[PDB]
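The data block below is target-v3.cif; it holds mmCIF, C-alpha atoms.
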```cif
data_run
loop_
_atom_site.label_atom_id
_atom_site.label_comp_id
_atom_site.auth_asym_id
_atom_site.auth_seq_id
_atom_site.Cartn_x
_atom_site.Cartn_y
_atom_site.Cartn_z
CA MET N 1 69.62 103.89 69.81
CA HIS N 2 70.61 100.46 71.13
CA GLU N 3 74.25 100.59 70.05
CA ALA N 4 77.16 102.95 69.38
CA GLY N 5 77.41 105.70 71.98
CA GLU N 6 75.07 103.83 74.31
CA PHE N 7 75.21 105.06 77.91
CA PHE N 8 73.90 102.77 80.64
CA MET N 9 74.53 103.29 84.36
CA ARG N 10 74.25 100.45 86.87
CA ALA N 11 74.75 99.82 90.59
CA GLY N 12 78.08 98.94 92.18
CA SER N 13 77.07 95.87 94.17
CA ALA N 14 80.36 93.98 94.41
CA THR N 15 80.04 91.03 96.79
CA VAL N 16 83.56 89.98 97.77
CA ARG N 17 84.08 86.73 99.68
CA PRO N 18 87.80 86.14 100.29
CA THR N 19 88.42 82.63 101.64
CA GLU N 20 90.46 80.73 99.06
CA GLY N 21 93.85 79.05 99.33
CA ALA N 22 96.78 80.50 97.40
CA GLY N 23 96.54 80.14 93.64
CA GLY N 24 95.16 77.36 91.47
CA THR N 25 97.92 75.31 89.85
CA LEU N 26 100.22 73.33 92.13
CA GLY N 27 101.90 75.74 94.54
CA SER N 28 101.43 77.46 97.89
CA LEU N 29 103.00 80.82 98.75
CA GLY N 30 101.87 84.41 99.18
CA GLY N 31 99.35 84.40 102.00
CA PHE N 32 97.13 87.46 102.31
CA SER N 33 94.44 88.90 104.58
CA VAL N 34 91.86 91.40 103.35
CA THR N 35 88.46 92.37 104.75
CA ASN N 36 85.32 91.99 102.64
CA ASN N 37 83.43 95.22 101.96
CA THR N 38 82.42 96.70 98.61
CA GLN N 39 78.67 96.36 98.08
CA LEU N 40 77.62 99.98 97.63
CA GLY N 41 78.92 101.68 94.50
CA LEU N 42 77.94 102.47 90.92
CA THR N 43 78.79 101.19 87.45
CA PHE N 44 78.97 103.07 84.14
CA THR N 45 78.94 101.32 80.77
CA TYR N 46 79.60 103.19 77.53
CA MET N 47 79.63 101.74 74.01
CA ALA N 48 81.65 103.20 71.14
CA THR N 49 80.29 101.88 67.85
CA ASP N 50 80.80 98.15 67.36
CA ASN N 51 78.93 96.24 70.07
CA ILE N 52 81.88 97.12 72.32
CA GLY N 53 81.87 99.26 75.44
CA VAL N 54 83.78 99.95 78.65
CA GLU N 55 82.28 99.47 82.12
CA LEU N 56 83.63 101.57 84.99
CA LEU N 57 82.88 100.27 88.49
CA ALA N 58 83.39 102.66 91.40
CA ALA N 59 82.64 102.11 95.09
CA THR N 60 83.81 102.88 98.62
CA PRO N 61 87.56 103.17 99.30
CA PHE N 62 89.31 99.82 99.76
CA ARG N 63 91.20 99.50 103.05
CA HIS N 64 92.89 96.53 104.71
CA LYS N 65 96.02 95.31 106.50
CA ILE N 66 98.98 93.24 105.31
CA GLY N 67 98.55 89.58 106.16
CA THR N 68 101.86 88.18 104.93
CA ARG N 69 104.12 85.86 106.93
CA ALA N 70 107.02 88.17 106.07
CA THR N 71 106.10 90.56 108.89
CA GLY N 72 102.66 89.38 109.99
CA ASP N 73 100.68 92.62 109.90
CA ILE N 74 102.37 95.89 110.87
CA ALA N 75 101.88 98.41 108.06
CA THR N 76 98.77 99.84 106.40
CA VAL N 77 97.72 99.43 102.77
CA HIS N 78 94.84 100.66 100.61
CA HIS N 79 93.86 99.89 97.01
CA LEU N 80 91.66 101.63 94.44
CA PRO N 81 88.03 100.46 94.26
CA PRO N 82 87.65 102.07 90.81
CA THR N 83 88.12 99.27 88.27
CA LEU N 84 87.61 99.10 84.51
CA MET N 85 85.89 96.08 82.97
CA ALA N 86 85.75 95.82 79.18
CA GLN N 87 82.61 94.46 77.51
CA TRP N 88 82.08 92.98 74.05
CA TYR N 89 78.89 91.71 72.42
CA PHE N 90 79.36 88.33 70.75
CA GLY N 91 76.52 87.26 68.48
CA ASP N 92 73.27 89.14 69.06
CA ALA N 93 70.02 89.89 67.22
CA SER N 94 67.11 88.35 69.13
CA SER N 95 67.24 86.53 72.47
CA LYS N 96 65.51 86.31 75.85
CA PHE N 97 68.50 87.97 77.50
CA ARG N 98 71.26 90.42 76.58
CA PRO N 99 74.59 88.54 76.84
CA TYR N 100 78.03 90.15 76.66
CA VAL N 101 81.55 88.73 76.85
CA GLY N 102 84.39 90.89 78.13
CA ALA N 103 87.19 91.13 80.68
CA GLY N 104 87.40 92.79 84.08
CA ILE N 105 90.52 94.87 84.62
CA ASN N 106 91.48 96.14 88.08
CA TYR N 107 93.13 99.56 87.80
CA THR N 108 95.66 99.83 90.62
CA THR N 109 97.55 103.10 91.11
CA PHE N 110 98.42 105.86 93.58
CA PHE N 111 100.66 105.31 96.60
CA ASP N 112 99.54 104.39 100.12
CA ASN N 113 100.63 103.98 103.74
CA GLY N 114 103.17 101.54 105.13
CA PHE N 115 106.15 103.84 105.64
CA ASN N 116 107.86 103.92 109.04
CA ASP N 117 110.79 105.39 110.98
CA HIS N 118 113.30 104.59 108.23
CA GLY N 119 110.78 104.15 105.43
CA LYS N 120 108.95 107.43 105.98
CA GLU N 121 112.17 109.25 106.87
CA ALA N 122 113.57 107.84 103.62
CA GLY N 123 110.44 108.40 101.56
CA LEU N 124 110.90 104.82 100.41
CA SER N 125 110.90 101.17 101.50
CA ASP N 126 107.93 99.55 103.24
CA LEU N 127 105.65 100.75 100.45
CA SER N 128 105.74 97.54 98.42
CA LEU N 129 102.17 97.84 97.15
CA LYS N 130 102.46 99.51 93.74
CA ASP N 131 100.34 100.08 90.63
CA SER N 132 99.14 97.11 88.58
CA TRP N 133 96.44 95.77 86.27
CA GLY N 134 94.12 92.91 87.18
CA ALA N 135 92.76 91.89 83.78
CA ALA N 136 90.56 88.80 83.71
CA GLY N 137 88.42 87.23 81.00
CA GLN N 138 84.77 86.54 81.77
CA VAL N 139 81.25 86.66 80.34
CA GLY N 140 78.05 88.36 81.47
CA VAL N 141 74.30 88.37 80.86
CA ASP N 142 71.64 91.03 81.41
CA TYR N 143 67.98 90.09 81.87
CA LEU N 144 65.41 92.46 80.37
CA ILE N 145 63.19 92.86 83.44
CA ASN N 146 61.36 95.92 82.13
CA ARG N 147 61.29 98.11 79.02
CA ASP N 148 62.76 101.15 80.79
CA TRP N 149 65.23 99.22 82.95
CA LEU N 150 66.98 95.84 83.09
CA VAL N 151 69.31 93.82 85.31
CA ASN N 152 72.97 92.96 84.71
CA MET N 153 74.47 89.75 86.10
CA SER N 154 78.15 88.76 86.05
CA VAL N 155 80.85 86.99 88.05
CA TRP N 156 84.60 86.39 88.28
CA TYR N 157 86.99 83.45 88.70
CA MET N 158 90.66 84.20 89.33
CA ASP N 159 93.04 86.53 87.49
CA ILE N 160 94.92 89.52 88.89
CA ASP N 161 98.48 90.84 89.13
CA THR N 162 99.95 93.12 91.79
CA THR N 163 103.50 94.40 92.31
CA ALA N 164 104.98 94.45 95.81
CA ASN N 165 108.30 96.25 96.24
CA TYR N 166 110.08 99.61 96.46
CA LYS N 167 113.34 101.36 97.35
CA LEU N 168 114.80 99.80 100.50
CA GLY N 169 117.68 102.10 101.42
CA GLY N 170 118.61 102.24 97.76
CA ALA N 171 117.66 98.86 96.31
CA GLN N 172 115.32 97.43 93.67
CA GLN N 173 112.90 94.87 95.11
CA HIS N 174 110.09 92.96 93.42
CA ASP N 175 107.42 90.68 94.90
CA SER N 176 104.56 89.01 93.03
CA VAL N 177 101.25 89.47 94.85
CA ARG N 178 97.83 88.30 93.65
CA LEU N 179 94.43 88.86 95.26
CA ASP N 180 91.48 87.51 93.27
CA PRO N 181 88.81 86.73 95.89
CA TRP N 182 85.22 85.65 95.21
CA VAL N 183 83.81 88.94 93.94
CA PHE N 184 80.27 88.92 92.53
CA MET N 185 79.15 91.63 90.11
CA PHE N 186 75.37 91.98 89.84
CA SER N 187 72.96 94.92 89.86
CA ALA N 188 70.24 96.79 87.96
CA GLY N 189 70.95 98.76 84.80
CA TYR N 190 69.33 101.84 83.27
CA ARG N 191 69.97 104.32 80.46
CA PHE N 192 72.30 106.97 81.88
#
```
Using structure tokens, write down the structure that the file contains.
Amino acid sequence: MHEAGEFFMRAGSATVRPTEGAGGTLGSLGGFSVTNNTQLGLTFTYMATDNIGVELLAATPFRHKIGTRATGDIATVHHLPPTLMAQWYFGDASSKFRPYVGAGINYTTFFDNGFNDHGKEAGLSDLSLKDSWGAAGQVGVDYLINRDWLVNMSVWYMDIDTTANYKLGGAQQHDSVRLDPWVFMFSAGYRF
């Protein structure tokens, strides 16, 4: 059984290295400040029945502080470490490694801190950080180290969307926030 209903569990070794500029086109706006820490989790890949499967990466709880010029740090904010990365096998039959092209999607949901005197007392405003989906296209390759276990290697580039707004005393805000740091996805994989 090397396809369809295949269950393979891996490690959640996500090496994040935030230190880029702003985007990657020809603009500059939306500064951010997040701490790097997410190299101790676990991944779970499951195939349906067509060389296609979903990979769920879960690790420690993400926590950081707002680093925008708007206020310059003042409120708290936490995201969800649990992300879903789709995987699809493109052309396979006999090779030295087990390639796989897919797309990593960052599942962002659940509320967080940030509220204040008026915000908290108003159960709104301040929040900003809302749910979103950080889908990004990328490829991956797994080296067959052993016959009972292998190693999966993958990486990212830049592609994520995040909504920043809420109800400010009875208003509808909306701020575009993106945070796609240098996160490396690599770890061992085994049938599970």
Counting all atoms listed in the file, which of N:43, N:15, N:68, N:116 gets nearest to residue 178 in chain N?
N:68
If the PyMOL selection byres ((chain N and resi 143) around 9) were run on this exact file, what residues would it hold? Put them as a list in words.
residues 96, 97, 98, 99, 141, 142, 144, 145, 146, 150, 151, 152 and 153 of chain N
Expected selection from the PyMOL selection byres ((chain N and resi 74) around 12), given as a list in words
residues 64, 65, 66, 67, 68, 69, 70, 71, 72, 73, 75, 76, 77, 113, 114, 115, 116, 126 and 127 of chain N
Would you write out, as a VMD selection string, every residue that the PyMOL selection byres ((chain N and resi 19) around 9) captures in this file?
chain N and resid 17 to 18 20 to 21 181 to 182
Filtering to C-alpha atoms, could you give me those residues as an mmCIF file, in the coordinates of the input?
```cif
data_model
loop_
_atom_site.group_PDB
_atom_site.id
_atom_site.type_symbol
_atom_site.label_atom_id
_atom_site.label_comp_id
_atom_site.auth_asym_id
_atom_site.auth_seq_id
_atom_site.Cartn_x
_atom_site.Cartn_y
_atom_site.Cartn_z
ATOM 1 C CA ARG N 17 84.080 86.730 99.680
ATOM 2 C CA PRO N 18 87.800 86.140 100.290
ATOM 3 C CA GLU N 20 90.460 80.730 99.060
ATOM 4 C CA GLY N 21 93.850 79.050 99.330
ATOM 5 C CA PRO N 181 88.810 86.730 95.890
ATOM 6 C CA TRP N 182 85.220 85.650 95.210
#
```
Would you work out the distance separating CA of residue 156 in chain N from CA of residue 187 in chain N, expressed in Å to one decimal?
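Going from CA of residue 156 in chain N over to CA of residue 187 in chain N, I get 14.5 Å.
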Using all atoms listed in the file, pick whichever of N:81, N:62, N:134, N:54 has the shortest atom-to-atom distance to residue 101 in chain N.
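Looking at the shortest contact to residue 101 in chain N, the residue is N:54.
Among the candidates N:106, N:49, N:128, N:172, the residue lying nearest to residue 1 in chain N is N:49 (atoms considered: only C-alpha atoms).
CA of residue 180 in chain N is positioned 24.8 Å from CA of residue 9 in chain N.
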Got a sec to check which residues sit within 12 Å of (92.6, 96.0, 90.9), counting all atoms listed in the file, and write them as an MDAnalysis selection string?
chainID N and resid 57:58 62 78:85 104:110 129:136 159:163 177:181 183
Students should find that CA of residue 122 in chain N and CA of residue 31 in chain N are spaced 27.5 Å
Proximity to residue 7 in chain N - best of N:40, N:139, N:59, N:52, all atoms listed in the file
N:52
Given all atoms listed in the file as the basis, pick out the residue of N:34, N:103, N:86, N:155 nearest to residue 13 in chain N.
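When distances to residue 13 in chain N are compared using all atoms listed in the file, the smallest one comes from N:155.
Here the question is which of N:188, N:26, N:14, N:164 gets nearest to residue 60 in chain N using only C-alpha atoms, and that residue is N:14.
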